[PDB]
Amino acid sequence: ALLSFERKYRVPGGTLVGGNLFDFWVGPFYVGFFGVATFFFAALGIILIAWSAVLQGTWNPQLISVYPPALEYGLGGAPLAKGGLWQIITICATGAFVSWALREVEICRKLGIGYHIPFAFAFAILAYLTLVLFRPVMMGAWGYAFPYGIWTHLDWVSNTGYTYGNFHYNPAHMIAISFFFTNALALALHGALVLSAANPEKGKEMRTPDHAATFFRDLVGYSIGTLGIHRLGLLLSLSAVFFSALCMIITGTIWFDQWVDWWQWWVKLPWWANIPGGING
């Protein structure tokens, strides 16, 4: 049940809501008021999802799919079988997510650490809200949201993309991808760096950070440092997801045409717009 050093940490307090009421654990897990909140939202949501599955007449997970209301319903409510169920399910997800974040906050307090983790998570939550709330509202129907199904959701991605041409040309999409790639690069390195120091060549002593610091200065002539690479990681990650939201929130709202075409602005600057030759002249 407890890690060899856990007991002295399991003291009362830190709860945001409800005092000592839910201030307790269940196996390794911490409950807290929000422990309960998330459970309830999670229970409800899964139920509704199964209920959608009978109306659909399949129990096969590769097939199950809960779709939003069709565009004709705009931002109004829709019949269960006709889009209501997704709308509730979406409400329930949100409930789950936010609650899961606030529990993280409550654990943070009991342990006496910073709130960076709940913090970073809120970016994930905000990306999800962008795709099922902010964008549809702004566009004008729940129908612009993505459906909850394993492959159907990949389909929405593909269809929504190809609507504006090759989506690769969405400029904030370019930026968002550069982080995803960069972050992975940096997670690759960081991990590798620490391990190689902690697990040197056979029979050698544990290397020191100075060795680590040295390894990189030798390699690419610069070492960002241990508080650094951790600040870096948090940032690349949060940024990747920040730009991911951005590229979507603008798509279909303030730009509805082909993304490639938006680049004509550059190429049509009057100082070289008419100069012959090249690719565009």
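Numbering starts at 1 and follows the sequence shown.
Participant: Looking at the deposited entry, does 35-43 or 223-231 carry the larger mean Cα B-factor?
Facilitator: According to the PDB entry, the answer is 35-43.
Participant: Comparing average C-alpha B factors as deposited, tell me which of 155-163 and 68-76 sits higher.
Facilitator: So the stretch with the higher mean C-alpha B-factor is 68-76.
Participant: Among the candidates 171, 84, 114, 118, give the one with the maximum CA B-factor reported in the record.
Facilitator: Spelled out: the listed residue with the top C-alpha B-factor is 84.
Participant: With respect to the C-alpha temperature factors reported in the PDB entry, which of 105, 138, 122, 132 ranks highest?
Facilitator: Within the set 105, 138, 122, 132, 138 shows the top C-alpha B-factor.
Participant: Is the Cα B-factor recorded for residue 259 in the lowest, middle or highest third of its chain?
Facilitator: Middle third of the chain for residue 259's C-alpha B-factor.
Participant: What third of the chain, by the recorded C-alpha B-factor, contains residue 203?
Facilitator: Tercile = highest for this residue's CA B-factor.
Participant: Against its chain's modelled residues, does residue 22's Cα B factor rank lowest, middle or highest third?
Facilitator: For residue 22, whose C-alpha B-factor we compare with every modelled residue in the chain, the answer is the middle third.
Participant: Lowest, middle or highest third: where is residue 16 by Cα B-factor in its chain?
Facilitator: Middle third - that is where residue 16 ends up once the chain's C-alpha B-factors are sorted.
Participant: Per the entry's values, where does residue 238 land by CA temperature factor relative to the rest of its chain, in the lowest, middle or highest third?
Facilitator: Lowest third, going by the recorded CA B-factors of the chain.
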